[PDB]
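Structure, as structure tokens:
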Amino acid sequence: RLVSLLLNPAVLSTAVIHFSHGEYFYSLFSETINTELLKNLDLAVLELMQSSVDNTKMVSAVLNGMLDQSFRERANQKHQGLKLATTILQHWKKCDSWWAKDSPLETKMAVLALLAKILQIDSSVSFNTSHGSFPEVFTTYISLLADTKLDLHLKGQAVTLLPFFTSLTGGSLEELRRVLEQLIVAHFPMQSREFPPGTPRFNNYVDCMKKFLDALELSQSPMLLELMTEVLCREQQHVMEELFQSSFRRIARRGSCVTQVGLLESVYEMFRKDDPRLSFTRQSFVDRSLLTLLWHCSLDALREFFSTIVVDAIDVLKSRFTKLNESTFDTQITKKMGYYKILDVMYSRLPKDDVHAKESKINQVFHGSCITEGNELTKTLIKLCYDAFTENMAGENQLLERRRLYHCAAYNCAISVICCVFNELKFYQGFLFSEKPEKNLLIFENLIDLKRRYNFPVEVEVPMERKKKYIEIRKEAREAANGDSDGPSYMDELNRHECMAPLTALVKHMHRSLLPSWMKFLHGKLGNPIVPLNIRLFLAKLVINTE
Amino acid sequence: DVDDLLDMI
């Protein structure tokens, strides 16, 4: 009798508002009615789901204003919400018209409000292999994803349940990738920044980025991860780019050591195969996101990605390049410097009791328990980066900007593998400064550009802390030798270079370790004016940095 | 060139 009273469109007036007497009765009291529906649940929901095509907003408000009370008083009449949910999540075939095409959007928000309630009031239970109305509600969600009618901000509370939808295999996952890609290519800007700041377009876009970060921040998936990383790679940088970095460091440390291999190897296959596209996007995976992810706290010692990269790195490294064409060349070169960056970092944050001793890493590298030193793969690495940065361009003028960055990344790999896994000063000259001049086979011509004029604004402001440094210099300069009372009483792109950091890391390790021959070589190369101005200035800034 | 650094290991 009460359900028959409620599900009725009877018009009242305070004048011009019309305010149906189902809605107004459900506005006045709204809770003790829901205790009656608690008193007999089963006929209430079965009869409540009888008219569900006309009285759509009505019964959705009935469910919302019942689950809010069943959620808030969970401190008495316990063991209730589970049976409530596992009963109601069975008859969503009754709903077929709120979320479909030619249907109101506020009713669609109402469906997802019932969704937010059945996934807030209860736990992860109705998710596995057609447990409840999961394949009768997922299609409602998919039709609210593939529709051309929802809003750029009123999906904002509507994407947030992918944590309760990243727990699956394939089959529906393919069309999930499909609906995510189509909402991205109809709801994200094409490359970068093409919306005015302050306006409620660009701000709801950064809210969309924020809620994606909130979703994968807990829900550790490679599922959403290549989907978001493809828009993280469509340009060189983005507008909200640090937020992805903070959330990547946030997703890095959660445990789940096996899933980290999944993230690395999965976005590594999204990077790794042919996939003809532009090279910045085709390398920016391993250039930014993979390095910044596997750098911080992904896994402190991981050899499964670092077991398949044994097979999957040196095969690309030991290659030949075809220079008839650029579109076969640049892909090989970019994935080669990506592999240089990967082995750089993989030797940067690994200890020595697992990789360079006679351990299971080299037992993975070559088949059989090795008596060898562990310096076999690192010997093929060291040889080929030496070949890489000592590869001449004695007539070669094709794509020399990429080969310069390649050569410096090659030496970055070399610096990392030499600064970490041994303790003797033999290689410390022999692979770093012993550069043998047969014909053309030196270092800095081949790995430093030497091809522009560095433009300097001079000392533009703030000489504030440096005056005290100069007065302290005149303190220690006179009072140490022949100090009187006082005496006189009278009246930036060389750093951000991708080059300065590994040198000023290696020498600031090489000090605290033991005229050296490398000191003689850089002693001569700085006062020799046949040498260009460029590496003269750069090794000058080196010497200034490493005091 | 670097085989002088190979044989010394």
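Nothing in this text is a laboratory measurement; each read-out follows from the coordinates by a stated rule. Because the Cβ atoms are built from the backbone with ideal geometry, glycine has one as well, and the counts that use them run over all protein chains shown.
Structure notes:
- Listing A:450, A:145 from fewest to most neighbouring C-beta atoms within 10 Å gives A:450, A:145.
- The C-alpha atoms of the range A:134-245 occupy a region whose extents along the principal axes are 40, 29, 20 Å, arranged from largest to smallest.
- The range A:49-119, relative contact order in percent, only Cα pairs under 8 angstrom and at least six apart counted: 48
- When the helices of chain A are scored as -39500 (n - 2.57) per DSSP H run of n ≥ 4 and the total is divided over every residue, the value at 222 nm lands at -16000 deg cm²/dmol.
- On the basis of the beta-carbon distance and an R0 of 30 Å, residue A:473 and residue A:494 show a calculated FRET efficiency of 0.80.
- Percentage, to the nearest whole number, of Cα pairs in chain A over 43 Å apart: 42
- 16 Å Cα-Cα reach of residue A:210 towards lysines, excluding residues that sit fewer than 8 places from it in its own chain: A:155
- At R0 = 30 Å, FRET efficiency that the Cβ-Cβ distance of residue A:254 and residue A:275 yields, to 0.05: 0.55
- Percent RCO, i.e. relative contact order, over the range A:156-306, from Cα pairs under 8 Å lying at least 6 residues apart: 26
- Counting neighbouring beta carbons within 10 Å and listing from fewest to most, the residues A:300, A:214 come out as A:300, A:214.
- Shape of the range A:190-307, Cα gyration tensor, a/c cut at 1.5: oblate
- Taking other residues whose beta carbon is less than 10 angstrom from the beta carbon of residue A:98, and scoring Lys, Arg as +1 and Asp, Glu as -1, yields 0.
- For the range A:479-547 and the range A:26-104, distance of Cα centres in Å: 75
- Reducing the range A:326-392 and the range A:152-186 to their Cα centroids gives an inter-centroid distance of 38 Å.
- Taking a ≥ b ≥ c as the square roots of the eigenvalues of the Cα gyration tensor, the range A:471-546 is prolate, since a/c reaches 1.5 or more and a/b is larger than b/c.
- Largest to smallest principal axis extent of the C-alpha atoms in the range A:308-380, angstrom: 44, 25, 18
- For the range A:255-388, the tally of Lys pairs with Cα-Cα distances below 21 Å comes to 28, considering only residues 8 or more apart or on different chains.
- Student exercise, the protein assembly as shown dipole from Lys, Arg, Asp, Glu Cβ charges, in Debye to nearest 20: 520
- Dipole magnitude of the range A:318-363 about its Cα centre (Cβ charges: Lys, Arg +1; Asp, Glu -1), debye to nearest 20: 140
- Shape category assigned to the range A:38-140 from the gyration tensor of Cα positions, a/c cut at 1.5: prolate
- Whole-Å distance, taken between Cα centres, linking the range A:245-282 and the range A:397-436: 26
- Sequence of A:166, A:32 once ranked by neighbouring C-beta atoms within 10 Å, starting from the fewest: A:32, A:166
- Cα-projected label distance for residue A:517 with residue A:394, points at 7 Å along beta-carbon direction, nm: 2.4
- Simple label model, 7 Å out from Cα along Cβ direction - residue A:526 to residue A:358, nm: 4.5
- Residue-count net charge about residue A:189 - beta-carbon cut-off 10 Å; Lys, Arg +1, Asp, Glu -1: +1
- Counted charge near residue A:202, where neighbours are those whose Cβ lies closer than 11 Å (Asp, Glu -1; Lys, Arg +1): 0
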